[PDB]
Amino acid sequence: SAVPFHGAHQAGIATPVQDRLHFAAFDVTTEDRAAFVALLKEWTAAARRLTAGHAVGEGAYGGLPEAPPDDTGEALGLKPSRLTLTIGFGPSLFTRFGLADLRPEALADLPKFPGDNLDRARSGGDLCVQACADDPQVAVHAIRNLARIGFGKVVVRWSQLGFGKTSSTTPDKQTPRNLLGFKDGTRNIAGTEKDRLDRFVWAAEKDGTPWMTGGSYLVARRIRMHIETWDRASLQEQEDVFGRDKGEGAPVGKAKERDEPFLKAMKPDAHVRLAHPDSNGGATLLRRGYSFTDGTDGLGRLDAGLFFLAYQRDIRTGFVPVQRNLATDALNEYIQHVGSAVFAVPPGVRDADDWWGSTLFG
């Protein structure tokens, strides 16, 4: 039903992946650091309510008739729906509030990558809130109300709705398929792998940035798929792109999805061969992205793809080397990176008196 909001880490990273996503990047409009801290506190209080399935503030009705209700009401009668709300701080936040020297060195700007076609309006952002839930209206409600609460101090830079499995009728160990029709997530870091999370996902104090201890670094990439071109490719071409077969998802030369891959048997620019840690100095990622389908473009083509999300202990040692190695990926023919942003995701809200960003702002 619900996922606990308080913890050493923020929820929404290691906790089980929910069916839907509403991701929002915000820009900060206030220049007053105390006013911003006041928002972080007010947002933290709202998130405690939202993630327990309650209305923010004094609620969505029953208040004074002349007052706007504190909560806009569209989640009334719904369930917590495993909602998690994960906040992150983008590089540009640290140019405000005297925060320049507290920007973590592990919050690296991404290089330009071959084939990039980034829409600047749907890239970057001073802040992010990742809202994950099984019910998309619960996630949209949470983003809508956080934006409302913050209006006057923040605005919404860009917003992305995503989906994965529908858990009411899809087994939870079952690997979801992306919109190219392939299983996506087979060889990933799982939230159960607490030791691997310490090695590859969570910032440690010794890493250089004490306030980020127990946080993580997030890379977001809005990746369009050339659906109609991909659907014209042969089965063999599609399986060659990835190094796994389509129906079972097994590596080339293996029978079972989760059999470990034999990379030599894949084509040299197969996606799995290029992305595997063995090909990247051991670099390993927690992938947590969602499919999207926004509509139809002007040409009749499906505006669809993957909202790619990766959490790692250090952007410089996670996403950057893996994505760099994808320069020659056979998959590049069928995809285009069209938005990008990075965020430092602080440690968790430790108890009922803690607030988002308290380790950064004090």
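Don't overthink the numbering: it's just position in the shown sequence, from 1.
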Practice task
Look over 303-311 and 62-70 in the entry and identify the one with the greater average Cα temperature factor.
Solution key: 62-70
Problem - Higher-scoring stretch by recorded Cα B factor average, 268-276 or 141-149 - result: 268-276
Practice task
Identify, among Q160, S92, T84, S234, the residue whose C-alpha carries the highest B-factor in the deposited PDB entry.
Solution key: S92
Problem - Residue, from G125, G88, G181, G214, that the PDB entry assigns the highest Cα B-factor - result: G214
Completion exercise
Here the Cα B-factor of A327, set against its chain, lands in the third termed middle
Exercise for the section: Just say lowest, middle or highest third for the CA B-factor of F97 relative to the other modelled residues in its chain. Expected result: highest
Problem - CA B-factor placement of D134, once the chain's modelled residues are sorted into thirds - result: lowest
Exercise for the section: Tell me, lowest, middle or highest third: where does the Cα B factor of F36 rank within its chain? Expected result: highest
Practice task
State the tercile, meaning the lowest, middle or highest third, of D240 with respect to the CA B-factors recorded for its chain.
Solution key: lowest
